[PDB]
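Here, each number is a calculation from the coordinates, and none is a lab measurement. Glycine gets a Cβ as well: all are built from the backbone with ideal geometry, and neighbour counts include every protein chain shown.
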Amino acid sequence: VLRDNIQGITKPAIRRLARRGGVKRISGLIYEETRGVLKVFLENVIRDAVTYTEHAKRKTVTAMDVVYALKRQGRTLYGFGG
Amino acid sequence: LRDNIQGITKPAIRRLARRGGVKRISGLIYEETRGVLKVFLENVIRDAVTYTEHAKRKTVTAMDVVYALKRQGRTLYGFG
Amino acid sequence: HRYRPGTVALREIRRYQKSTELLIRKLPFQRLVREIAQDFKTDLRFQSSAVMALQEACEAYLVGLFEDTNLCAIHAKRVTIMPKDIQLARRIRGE
Amino acid sequence: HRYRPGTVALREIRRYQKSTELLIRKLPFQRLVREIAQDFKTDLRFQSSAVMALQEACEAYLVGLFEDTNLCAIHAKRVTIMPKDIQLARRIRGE
Amino acid sequence: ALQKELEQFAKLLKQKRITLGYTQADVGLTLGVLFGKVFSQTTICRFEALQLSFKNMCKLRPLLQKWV
Amino acid sequence: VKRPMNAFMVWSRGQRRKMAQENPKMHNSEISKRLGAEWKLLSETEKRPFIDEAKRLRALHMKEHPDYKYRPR
Amino acid sequence: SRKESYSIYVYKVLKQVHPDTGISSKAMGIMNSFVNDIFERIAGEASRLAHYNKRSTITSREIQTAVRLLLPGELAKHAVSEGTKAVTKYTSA
Amino acid sequence: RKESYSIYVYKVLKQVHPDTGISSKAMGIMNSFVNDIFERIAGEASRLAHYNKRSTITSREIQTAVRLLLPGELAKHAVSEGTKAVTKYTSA
Amino acid sequence: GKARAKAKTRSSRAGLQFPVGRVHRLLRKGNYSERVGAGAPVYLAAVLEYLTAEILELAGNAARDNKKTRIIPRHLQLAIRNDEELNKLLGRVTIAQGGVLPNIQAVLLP
Amino acid sequence: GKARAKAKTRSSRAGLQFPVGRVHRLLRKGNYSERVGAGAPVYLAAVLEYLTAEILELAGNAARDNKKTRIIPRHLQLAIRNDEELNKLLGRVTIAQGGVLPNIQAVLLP
DNA sequence: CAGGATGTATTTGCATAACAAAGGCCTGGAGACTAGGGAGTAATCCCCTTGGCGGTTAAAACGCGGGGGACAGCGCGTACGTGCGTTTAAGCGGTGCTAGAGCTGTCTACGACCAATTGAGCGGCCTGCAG
DNA sequence: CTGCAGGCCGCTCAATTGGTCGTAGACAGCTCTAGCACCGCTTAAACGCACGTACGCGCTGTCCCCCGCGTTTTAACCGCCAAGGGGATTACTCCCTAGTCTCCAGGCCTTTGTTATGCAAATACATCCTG
């Protein structure tokens, strides 16, 4: 059983992403808001990948199932599949 | 004909803005809004025409407008 | 004995959020559609319902943009809408 | 000789934009994926490549969001990012 | 002028090696024996192929001329 | 222009025919496996003429094609 | 000479909930566009599921999965409950 | 395994930049690319055939699909090459 | 849960009002698949009917909110928004003469 | 194109490098249509090949900007963005290890 | 100037390819061949689309003054950034176990297909009433 | 009062029924991949602290651009008509593409032993932010 791995995303990890996006100054409240958003984005993707996996009556989620999960979101992951 | 972009009157622009919750409109908005509307029309019309041409016909149907909108990530109900 | 500025504008927001009627005049709209159409082909025709179908989409589009535009102005701590507020909303939308 | 505030920030913006690798730690991310997955079903597994695919999607997502967020703050005439700047971008995006 | 001198020798070295039935590895190892400084067959290959820098070819050439 | 045979290849050529022909209906896949092992079990003297023949073929090949180089795609 | 509508079925569904409530022809037009939109999407995803599993047939199972992928939350759930029932029942005596 | 275009992508690159190589990951990116575009065009072409009540997709449906999917001039060059390739193919 | 599985009309046998037999036909067409199962159109018809009912139920309530005994395109629009899940499903749909919600922001008030 | 009618393969007949015969085959699958024409895969293969070339050309240039002799996912990513048209077609595509453009707004600078 | 700290260009070894030789096997592609249903052509009729006409009158254009809000500038407080030293667990490599993915072959309940049978729904018209 | 609604007739063709046929998917059974759990060790990244000031926030005052009416001008809308161009339907005809079968060309496997070939490490200049 896993718990609270949302805190496994360190402040630096968030900061670095924000920096890549052009962010220079970050409010201490951002870290929590960012986490809420990440979690939802990630959760929706996983759920669809799991749903596809379940339909196929399999146990292991494949990278291709993640790709399908993204495809429907209007996104693609090149280099991982079709 | 030409110059139909002026056919979208200030009140027409304003009323739309009001429906969207806008109280105060800068005088610069009217022109910016038109630029945006025009682009929307160009993309939708062009595709509707493209579908019409593919069908080897001359009249654009409501359904051709629907398909043009469909590819913009939108649907329109009540027209087919 | 004028209603103070902002009174009518607020009321009009309320009213336009109640009506379903088209706000853009029909003939002017139709003509705009045609002149645009001529950039692709002349002597083209449209069903009368096609023009209305297009207008419904156009108004819905602009209103949705205005709502996001309004939020941008609110974020700027103000009421008045500037071209920038439109551009910011569009950029974020990926237009 | 301490570099004044903002010198590093610009270097870090520059550097991460230039780089191509991941910014989020792998094991922490992998666990986050699973913690969430456990709420859909027990005894689920992932290919190592599936976890990588998820992380790649997540970082790309957050970076794009931060960029839009940054623009919102700029529009608001600020450099520091507030939670609201994120929310505005998401709202406009329909998220 | 240096490029040509090095090109000419590299061609001669390859021909000499082949004629005498030696490998590139043999040249590398033998230079070790002769001068105390061991070279890999990669270096020898790159020498014959002129894929090395001028200074590296210049430092190595004398040893290879002697090897022949 | 092809590549000259190495020590193993010169030898395996002789044993290719000495296995393929003497032991009929055997796949080349199987022959190669066996020959690989058989070569490894040979003494230096047994390998020698093939090792030197490979040298001879390489020298001869280059003599016939002075500018020949190995370039795989 | 005309494409079939669902206006007869939509009308009937309305009255089972609000038997004293009428509906305009335009509203029916909206509902007909609606039914075709949902149908198309589910059938579309069902096609993908069959494709992903290298199949040629769509069954009740693909429809079920497709519903979950397309519909959110509780609506997806009830749609699944009713669909599952209708089929479980369909093949029953 | 699955069909890929790694051999074709490799060749196309060298017709443009004969001295430039490409990583296996980049090839993976290009394989995703070809499959994506293929699906989209075939998908739209399917709609065109469906909409006009047909059972066959021909070069014309592809042409229309290309115009709808590709922007600007990029679309034109694709159309020109497509039109030509068909012309050449049958003109033999 | 009916005891009547004898009905010839597939929609009736399925306990549905929607034309199951047609749904079968529609799935068959459109090249969604090469083969269509027996339970496929049944499952789908139930789904389509369920969602249809939910919109109409909520729209009927919208009509009442406006003090009416009829559903018009507007009442359908209000219904879609009132239900958050329904809103998402149809959140990108433009409704002919649907209008918008009466959303007034506090910052715009006196 | 070629000045000859002679061909060895379908692709060589078209004058294309892409596997035209396969494209035809792929179009028969995915249930896009019940029937596929002969000119369809020829037209399509040319399109796929053309677009492929454009990305690769620009990526080769991106590789040059970095003084490299090799295309990597990053170079493909940069190529896509620099070309406005490709930046729409693939505008929303995530490239594994593609990175982002080095864009810093003036308001963030001294 | 005058020093400290970071970033490119330019050289080196470590895996790991591609070729040689032989010939049986795989399978994908190209080349014919016929069958018959899809798409193309021409002819026919009738809808709706365009265009013009004149009159009414709601909406738009323009002027004007008032004042509410955008804007710039000022000053104060703090939460954000910047190092520094200490602590954490992420990452690496290697070991060992087996659960589940993937492939093969059997065979059988399912769906496509056809021809015969049947009545729920289509179209138009009658007729009067609710929003 | 327009447009909604149920009732009526008479089809009429889409739906239902009941059989044959072949095969896509269910099912069991075997192989062995890669996913999981675990341990130890190194060390880059993370945690927490103290200190300083650049940025965010709120307040004040200036003035200028937008709002709210009143009056005058515009063309949008309404109802009406006539002309004819294009869309829909129909029958008839050809010929393109699925479906089947035949046969060939190339690539694959398979082993050691050269010649490269493509990079992660090392090392020497440039470049930059304070004195």
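Hey, any hits in the range F:14-22 for a residue that's under 30 Å from E:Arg17 (Cα atoms) and free of Cβ contacts under 8 Å to residues at least 60 places away in the same chain?
Yes.
With buried (at least 18 other Cβ atoms within 10 Å of the Cβ) and within 16 Å of DNA strand K (Cβ to nearest atom) as the only criterion, which of G:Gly29, G:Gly22 stands out?
Exactly one residue qualifies, and that residue is G:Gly29.
For a quick check of your reading of the model, give me the residue pairs whose first member lies in the range H:65-90 and is farther than 18 Å from C:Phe40 by Cα, whose second is among the aliphatic types (A, V, I, L, M) and in a loop (DSSP other than H, G, I, E, B), with beta-carbon atoms closer than 6 Å and at least 6 apart or on different chains.
That search, which allows pairs on different chains as well, returns H:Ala78/H:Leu70; H:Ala85/J:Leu16.
Out of the residues in the range A:27-53 that are of a type in the set (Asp, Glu) and more than 7 Å from chain D (Cβ to nearest Cβ), which is nearest to A:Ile9 (Cα to Cα)? Steps first, answer last, please.
Restricting attention to the range A:27-53, the residues satisfying the condition of being of a type in the set (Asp, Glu) are A:32-33, A:43, A:48.
After this cut, where a residue has to be more than 7 Å from chain D (Cβ to nearest Cβ) as well, the list is A:32, A:48.
Values: A:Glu32: 10, A:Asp48: 23 Å.
Result: A:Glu32.
Out of the residues in the range F:22-36 that are near DNA strand K (Cβ under 8 Å from one of its atoms) and in a loop (DSSP other than H, G, I, E, B), which is farthest from F:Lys47 (Cα to Cα)? Don't jump to the end; show me each part of the working.
Of the residues in the range F:22-36, the ones near DNA strand K (Cβ under 8 Å from one of its atoms) are F:25, F:27-29, F:31-32.
From the residues that got through so far, the ones that are in a loop (DSSP other than H, G, I, E, B) too are F:25, F:27.
Numbers: F:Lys25: 27, F:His27: 24 Å.
Residue satisfying both the conditions and the ranking: F:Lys25.
Which condition number in (1) closer than 30 Å to D:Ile92 by Cα; (2) within 10 Å of DNA strand K (Cβ to nearest atom) is the one that I:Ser12 fails?
Condition not satisfied by I:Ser12: (1).
Out of G:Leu70, G:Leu75, which single residue is farther than 23 Å from I:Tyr32 by Cα and out of contact with any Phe, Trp or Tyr (no Cβ under 7 Å at 6 or more places or on another chain)?
The unique qualifying residue is G:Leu75.
G:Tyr6 fails exactly one of the following numbered conditions: (1) more than 7 Å from every other protein chain (Cβ to nearest Cβ); (2) under 28 Å from I:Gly60 (Cβ atoms); (3) surrounded by 15 or more Cβ atoms within 10 Å (Cβ to Cβ); (4) away from DNA strand L (no atom under 12 Å from the Cβ). What is the number of that condition?
(4)
Quick one: A:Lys11 ticks every box in (1) free of Cβ contacts under 8 Å to residues at least 12 places away in the same chain; (2) under 19 Å from D:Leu27 (Cα atoms); (3) surrounded by fewer than 17 Cβ atoms within 10 Å (Cβ to Cβ); (4) within 12 Å of DNA strand L (Cβ to nearest atom) except a single one, so which number is it?
The number of the failed condition is (1).
Looking only at the range I:86-100, how many residues end up being facing another protein chain (nearest Cβ under 7 Å) and loosely packed, with under 15 Cβ neighbours inside 10 Å?
1
Does H:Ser24 meet the test of being without any contact (Cβ under 8 Å) to a residue 60 or more places away in the chain and either more than 7 Å from chain J (Cβ to nearest Cβ) or not small (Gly, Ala, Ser) (or both)?
It is true that H:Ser24 is without any contact (Cβ under 8 Å) to a residue 60 or more places away in the chain and either more than 7 Å from chain J (Cβ to nearest Cβ) or not small (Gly, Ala, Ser) (or both).
Any residue in the range E:38-51 that is free of Cβ contacts under 8 Å to residues at least 40 places away in the same chain and farther than 8 Å from E:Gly28 by Cβ sitting within a Cβ distance under 6 Å of a residue that is among the charged types (D, E, K, R) and within 10 Å of DNA strand L (Cβ to nearest atom)? List the pairs, counting only those 6 or more apart or interchain.
Matching pairs, first to second residue: E:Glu48/E:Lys14.
Does I:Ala63 satisfy being over 15 Å from the mean Cα position of the chain (by Cα), within 16 Å of DNA strand K (Cβ to nearest atom) and either facing chain B (nearest Cβ under 10 Å) or crowded, with 19+ Cβ neighbours inside 10 Å (or both)? Show your work before the answer.
Details: over 15 Å from the mean Cα position of the chain (by Cα): yes; within 16 Å of DNA strand K (Cβ to nearest atom): yes; either facing chain B (nearest Cβ under 10 Å) or crowded, with 19+ Cβ neighbours inside 10 Å (or both): yes.
Yes: the conditions hold for I:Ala63.
Report yes if some residue within the range E:25-48 is closer than 19 Å to F:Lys55 by Cα, within 12 Å of DNA strand L (Cβ to nearest atom) and over 10 Å from the mean Cα position of the chain (by Cα); otherwise report no.
Yes, the conditions are met somewhere in the range E:25-48.
What helices (runs of 4 or more DSSP H) lie completely within chain A and have 2 or more residues being under 18 Å from G:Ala46 (Cα atoms)?
Answer list for chain A: A:30-55, A:63-71.
Among the numbered criteria (1) facing chain D (nearest Cβ under 7 Å); (2) without any contact (Cβ under 8 Å) to a residue 24 or more places away in the chain, which one does A:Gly79 miss?
(1)
Looking only at the range A:54-63, how many residues end up being crowded, with 22+ Cβ neighbours inside 10 Å and within 14 Å of chain H (Cβ to nearest Cβ)? Let's see the steps before the verdict.
Step one: filter the range A:54-63 for residues crowded, with 22+ Cβ neighbours inside 10 Å, giving A:61.
When the remaining residues are screened for being within 14 Å of chain H (Cβ to nearest Cβ), the result is none.
Counting residues in the range A:54-63 that are crowded, with 22+ Cβ neighbours inside 10 Å and within 14 Å of chain H (Cβ to nearest Cβ) gives 0.
Would you check which residues across the range I:23-36 are within 7 Å of chain G (Cβ to nearest Cβ) and near DNA strand L (Cβ under 9 Å from one of its atoms) and list them?
Step one: list which residues in the range I:23-36 are within 7 Å of chain G (Cβ to nearest Cβ), which gives I:26-27, I:30, I:32-36.
Hits for the range I:23-36 are I:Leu26, I:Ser33, I:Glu34, I:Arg35.
Any residue at all in the range D:66-80 that is surrounded by fewer than 15 Cβ atoms within 10 Å (Cβ to Cβ), of a type in the set (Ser, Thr, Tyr) and more than 7 Å from every other protein chain (Cβ to nearest Cβ)?
There is no residue in the range D:66-80 that is surrounded by fewer than 15 Cβ atoms within 10 Å (Cβ to Cβ), of a type in the set (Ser, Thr, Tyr) and more than 7 Å from every other protein chain (Cβ to nearest Cβ).
Test of understanding: among J:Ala106, J:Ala79, J:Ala53, which residue is free of Cβ contacts under 8 Å to residues at least 40 places away in the same chain, of a type outside the set (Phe, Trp, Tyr) and within 7 Å of chain H (Cβ to nearest Cβ)?
J:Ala53
So, in the range F:22-71, exactly how many residues are within 14 Å of another protein chain (Cβ to nearest Cβ) and charged (D, E, K, R)?
Final tally of qualifying residues: 11.
Is it true that some residue in the range J:3-11 is surrounded by 23 or more Cβ atoms within 10 Å (Cβ to Cβ) and either among the hydrophobic types (A, V, I, L, M, F, W, C) or out of contact with any strand residue (DSSP E or B) (no Cβ under 9 Å at 6 or more places or on another chain) (or both)? Full working, then the answer.
We begin by selecting, within the range J:3-11, every residue surrounded by 23 or more Cβ atoms within 10 Å (Cβ to Cβ); these are J:11.
If we keep only those that are either among the hydrophobic types (A, V, I, L, M, F, W, C) or out of contact with any strand residue (DSSP E or B) (no Cβ under 9 Å at 6 or more places or on another chain) (or both) too, we end up with J:11.
Among the residues of the range J:3-11, at least one is surrounded by 23 or more Cβ atoms within 10 Å (Cβ to Cβ) and either among the hydrophobic types (A, V, I, L, M, F, W, C) or out of contact with any strand residue (DSSP E or B) (no Cβ under 9 Å at 6 or more places or on another chain) (or both), which makes the answer yes.
Only residues that are within 11 Å of DNA strand K (Cβ to nearest atom), facing chain B (nearest Cβ under 9 Å) and within 15 Å of I:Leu109 (Cβ to Cβ): list them for the range C:6-32, please.
C:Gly6, C:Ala9, C:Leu10
Of everything in the range E:1-51, what is more than 15 Å from DNA strand K (Cβ to nearest atom) and acidic (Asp, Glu)? Give them in sequence order.
Those that are more than 15 Å from DNA strand K (Cβ to nearest atom) and acidic (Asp, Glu): E:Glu5, E:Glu7, E:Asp26.
Residue by residue through the range D:1-42, note down the ones that are near DNA strand L (Cβ under 10 Å from one of its atoms), in contact with a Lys or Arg (Cβ under 6 Å, 6 or more places away or on another chain) and either under 24 Å from J:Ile95 (Cβ atoms) or in contact (Cβ under 8 Å) with a residue 12 or more places away in the chain (or both).
Once the filter is applied, which keeps residues that are near DNA strand L (Cβ under 10 Å from one of its atoms), in contact with a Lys or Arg (Cβ under 6 Å, 6 or more places away or on another chain) and either under 24 Å from J:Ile95 (Cβ atoms) or in contact (Cβ under 8 Å) with a residue 12 or more places away in the chain (or both), the range D:1-42 yields only D:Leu23.
How many residues are buried (at least 20 other Cβ atoms within 10 Å of the Cβ) and either within 8 Å of chain I (Cβ to nearest Cβ) or more than 15 Å from the chain's Cα centre (by Cα) (or both) when one looks only at the range G:49-75?
11
Residues that are more than 15 Å from the chain's Cα centre (by Cα) and among the charged types (D, E, K, R): find the helices (runs of 4 or more DSSP H) completely inside chain D holding 3 or more of those.
The helices (runs of 4 or more DSSP H) meeting that bar are D:7-18, D:26-37, D:83-93.
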